[PDB]
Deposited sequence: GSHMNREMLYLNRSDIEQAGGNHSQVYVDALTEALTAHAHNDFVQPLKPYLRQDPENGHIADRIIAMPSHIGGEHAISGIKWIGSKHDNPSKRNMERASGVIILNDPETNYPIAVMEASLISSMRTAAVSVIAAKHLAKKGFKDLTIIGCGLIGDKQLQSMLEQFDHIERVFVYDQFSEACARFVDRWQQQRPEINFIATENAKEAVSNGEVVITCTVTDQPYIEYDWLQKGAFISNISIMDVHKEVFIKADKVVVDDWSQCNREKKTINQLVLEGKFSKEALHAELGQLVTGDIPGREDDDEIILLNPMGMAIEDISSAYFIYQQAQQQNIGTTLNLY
């Protein structure tokens, strides 16, 4: 009985640091979600602050290439502040549905951040205006960085990126390094959240806030907002938005669930005036499908450390 171990470096080497593999994996997974060919229990929170927890996210995906597993992801808001460590960390375990035996142990933080960015990309394909040019990011942390990276990889027509962080220094670092990575694009450090949001055709919230600040009349007409960090958006926006989209309804306790957009069962953006809001809680099937996708490529390229179970 063997298990393939894949650290973050191995995952990158297997192609886990580019958005396309996650877009591909989620596309098939979200299709499976719409066809209800999955099992996804409620995720229990282990708290001993909102960003101080470890969440167990188990799921099963059906099919001929059926896969099971869990994401065991921890978090401490203090980690970057007081320890110079990433806030989130954890492992992903994959399981053979035939025996339920574990077949893979994989680092989770990179996969988690990249699938989350892929959620925004996929939603933008259906909900954002065609050829949108202004992107807005709030929160210059790990998640926000991968959000920006993925959107740039997937949308070549992006010309300006408006960035804001409550911590001015965090925003300054973020803008400066990305300005070097993409010189032809103007990265604009705003002085408040309102200036950044009101200048964005696509707005992504990547903070750790516990109280909303996003007001409805900030949003441009035709704007699409991927509410990744959930708590950033005022209730009025949920009411005044032309279309509200979630990833999984029962999990969020309505225009559509994200899976129905990819299957064409429910249309996405229908005009360039619609203000569309995405509220994705994050699903375990996203982590498991992404992990199983990467794990297979690693096996192909002989990447990873083989462990014995017994």
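Gaps between the deposited sequence and the modelled structure occur at positions 1-5, 54-58, 264-282.
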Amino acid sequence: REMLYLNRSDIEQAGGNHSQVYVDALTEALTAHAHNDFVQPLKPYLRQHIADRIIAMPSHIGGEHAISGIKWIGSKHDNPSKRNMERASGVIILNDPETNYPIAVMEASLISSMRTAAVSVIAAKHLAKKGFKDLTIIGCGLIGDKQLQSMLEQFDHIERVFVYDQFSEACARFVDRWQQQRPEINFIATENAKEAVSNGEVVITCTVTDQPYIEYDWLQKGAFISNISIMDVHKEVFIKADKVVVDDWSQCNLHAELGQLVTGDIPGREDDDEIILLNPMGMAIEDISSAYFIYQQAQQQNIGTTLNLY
From here on, numbers count along this sequence of modelled residues.
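Note that the rigid core is defined as the largest set of C-alphas that superpose within 1.5 Å between two forms.
Remark: when the other structures in 4 other deposited structures of this protein are fitted onto this one via the rigid core, 76-84 deviates more than the alternative among 118-126 and 76-84, judged by RMS CA distance. Averaged over CA atoms, B-factors in the entry run higher in 75-83 than in the other of 148-156 and 75-83.
Stretches compared: 280-288, 60-68. Higher mean C-alpha B-factor in the entry: 60-68.
Considering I50, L46, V246, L30 together, the PDB entry gives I50 the largest C-alpha B factor. Out of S109, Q179, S229, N95, it is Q179 whose C-alpha atom has the highest B-factor in the PDB entry. The entry lists a Cα temperature factor for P102 that places it in the lowest third of the chain's modelled residues.
In the PDB entry, a CA B factor belonging to the middle third of its chain's modelled residues is recorded for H126. In the deposited entry, the Cα temperature factor of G141 sits in the middle third of values across the chain's modelled residues. Residue-level temperature factors show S89 in the lowest third of its chain, judged at the C-alpha atom. Placement of the Cα temperature factor of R115 within the chain: lowest third of the modelled residues, per the deposited record.
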